[PDB]
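Asks: Before I ask anything, let me first share the structure, which is written out below as structure tokens.
Cβ placement follows ideal geometry from the backbone for every residue including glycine, while neighbour counts extend to all protein chains displayed. Only the coordinates and a few stated rules stand behind these numbers; no lab work does.
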Amino acid sequence: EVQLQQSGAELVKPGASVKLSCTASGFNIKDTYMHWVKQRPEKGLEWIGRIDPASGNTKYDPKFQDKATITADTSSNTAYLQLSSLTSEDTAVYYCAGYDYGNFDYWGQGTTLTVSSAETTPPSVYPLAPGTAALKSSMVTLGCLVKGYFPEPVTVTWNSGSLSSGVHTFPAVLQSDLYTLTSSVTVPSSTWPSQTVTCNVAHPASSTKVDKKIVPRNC
Amino acid sequence: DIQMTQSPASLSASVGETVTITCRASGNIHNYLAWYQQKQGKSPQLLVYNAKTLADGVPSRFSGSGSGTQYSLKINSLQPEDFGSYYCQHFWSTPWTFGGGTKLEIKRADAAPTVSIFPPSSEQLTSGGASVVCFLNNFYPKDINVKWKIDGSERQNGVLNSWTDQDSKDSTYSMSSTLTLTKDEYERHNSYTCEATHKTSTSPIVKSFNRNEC
């Protein structure tokens, strides 16, 4: 039927420029306005602007006036978003939508744009062992810091898959060009450090797969 | 040139309850207002356009109203699939601004977080870095703030916080707070603590370890 196909993730570095595409089928883009909407990680939708393919007319939110240039090619039923002078502020999901005043409202899958100077780095997986007033409880929590890698993703497991719950793997956060994530695990104090506990992370992009036993500090 | 002020930023409800989200335009929009629904990990979808006309495939438990500057989205019999985010958007004048959004979540009983602090790993010390981690798990509601103190003095730079979505099984929330220091600094200090501030207490839930007191 109708579909707006947007590029998959696009990786770019600070200062660079990117032109996202939005290809439409099932309708002619001249019959509506083509919009571009930004959404930073766990934040709200922000209307960037739109284009009226037919007339070429474009409108923008003054916030994006100097950053965005939206264009359209009716010949190919496609709309573009040209973002310039990329900053870490530009990392987000960029949606293209086709709509104007009525029920005709369709959205693309979103293009997640990541802005980083970084190059494909492997993660440093360190084991998180307890500050005791919590081992001293019915259950104890342990973890693993999966620090300094790029780009996403990574997968994490505990005791190879024998520890599936009492687990919380936190979403990754890109700071100073690199990501970092954590995973927590709760087992009874009768089950550690008597029996063992190990986390296993994997970052396909570095071809890295490590394992790490949590051992008590001198405590 | 008009902005929309959406409320509440967060709504906790149960299955079956009735609920309303409101958006007030900072100017008159003549009912040129639309409501969007955005599920976890999906694209926004039109719910209501022109303040009151339901969009394609939108059920009847949904309804929009108002005029001029105050609009409301109501969901009569909350169904499990309604949980997610809602956003209003005016299409009166350029720019077609979105309201800040509302996160509709599953309400349950309050639950204080289980806080756990972890000193740097020796494999990290060996490398020159020293990260202190605090896990504050299974709390409710989702509002929470953590602050790190190194020997009593608060520290703001070098903190990486991360939060999970509402748990599918128990509906709680969880947070991770990493304090990244260099081994240099980590070794010329002793007390390291992280204080959780949550609605279940007037005092912060605090955890801490002393570097040489082991």
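Asks: Once you have all Cα-Cα distances for segment A:157-197, histogram them in 10 Å bins from zero and send the whole-percent values.
Replies: 25, 42, 22, 10, 0
Asks: Rg(Cα) of segment B:1-108 divided by 2.2 N^0.38 Å?
Replies: Values: Rg = 12.9 Å, N = 108, 2.2 N^0.38 = 13.0 Å.
Compactness ratio reported: 0.99.
Asks: Tell me, what ³J(HN,Hα) does each residue in segment B:88-96 have, in order and in whole Hz, if you take phi through Karplus 6.51 cos²θ - 1.76 cosθ + 1.60 with θ = phi - 60° and put x for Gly and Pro?
Replies: 9, 8, 9, 10, 6, 9, 6, x, 6
Asks: Tell me, what ³J(HN,Hα) does each residue in segment B:158-172 have, in order and in whole Hz, if you take phi through Karplus 6.51 cos²θ - 1.76 cosθ + 1.60 with θ = phi - 60° and put x for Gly and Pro?
Replies: With coefficients 6.51, -1.76 and 1.60, one gets x, 10, 10, 9, 8, 10, 8, 7, 5, 4, 5, 7, 9, 6, 8 Hz.
Asks: Of A:151, A:18, A:121, which is farthest along the charge dipole of chain A in the positive direction, counting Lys and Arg as +1 and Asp and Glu as -1 at C-beta?
Replies: Value: A:121.
Asks: Work out the P(r) tail for segment A:118-216: percent of alpha carbon pairs separated by more than 23 Å, whole number.
Replies: Cα-Cα pairs in segment A:118-216 separated by more than 23 Å: 26 percent.
Asks: A further question follows. Restricting to segment A:1-117, what percent of DSSP beta bridges are antiparallel, rounded to 5? Spell out each step's value before the answer.
Replies: Values: 37 of 40 bridges.
If we restrict to bridges inside segment A:1-117, about 90 percent are antiparallel.
Asks: Quick one: check the C-alpha center-to-center distance for segment B:119-177 versus segment B:54-116, whole angstrom.
Replies: Their Cα centres are 30 Å away from one another.
Asks: Can you give me the P(r) profile for segment B:68-190? Cα pairs, bins 10 angstrom wide beginning at 0, each as a whole percent.
Replies: 10, 28, 23, 20, 13, 5, 0
Asks: What FRET efficiency comes out for the pair residue A:73/residue B:9, r = Cβ-Cβ distance, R0 = 30 Å, nearest 0.05?
Replies: For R0 = 30 Å, the calculated efficiency reads 0.15.
Asks: Per residue of A:105-111, count partner chain C-beta atoms within 10 Å of its C-beta, then hand back the mean as an integer.
Replies: Going residue by residue through A:105-111 and averaging, the value is 4.
Asks: Rounded to the nearest 0.05, what FRET efficiency do residue A:31 and residue A:209 have when you use their Cβ-Cβ distance and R0 = 51 Å?
Replies: Details: r = 51 Å, r/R0 = 0.99.
With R0 = 51 Å, the Cβ-Cβ based efficiency is 0.50.
Asks: Projecting each Cα onto the charge dipole of chain B (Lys/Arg +1, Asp/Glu -1 at the beta carbon, about the Cα centre), which of B:28, B:109, B:196 comes out farthest on the positive side?
Replies: Final value for the positive-end residue is B:28.
Asks: Another one. Return the inverse of the average 1/r over all pairs of distinct C-alpha atoms in segment A:1-117, which is the Kirkwood hydrodynamic radius, in Å to one decimal. Working shown, then result.
Replies: Numbers: mean 1/r = 0.0708 Å⁻¹.
Computed over Cα pairs of segment A:1-117, the Kirkwood hydrodynamic radius comes out at 14.1 Å.
Asks: Run through every distinct alpha carbon pair of chain A and return the Kirkwood hydrodynamic radius in angstroms, one decimal place. Could the numbers behind the result be given before it?
Replies: Details: mean 1/r = 0.0496 Å⁻¹.
It works out to 20.2 Å.
Asks: With all distinct Cα pairs included, what does the Kirkwood hydrodynamic radius of chain B come out to in Å, to one decimal, could you say?
Replies: Working: mean 1/r = 0.0502 Å⁻¹.
Computed over chain B, the radius equals 19.9 Å.
Asks: Any chance you could tell me what percent of the C-alpha pair distances in the protein assembly as shown go past 33 Å?
Replies: For the protein assembly as shown, the fraction of Cα-Cα distances above 33 Å is 44 percent.
Asks: For segment A:157-201 and segment A:84-112, write down the distance between their C-alpha centroids in whole Å.
Replies: 35
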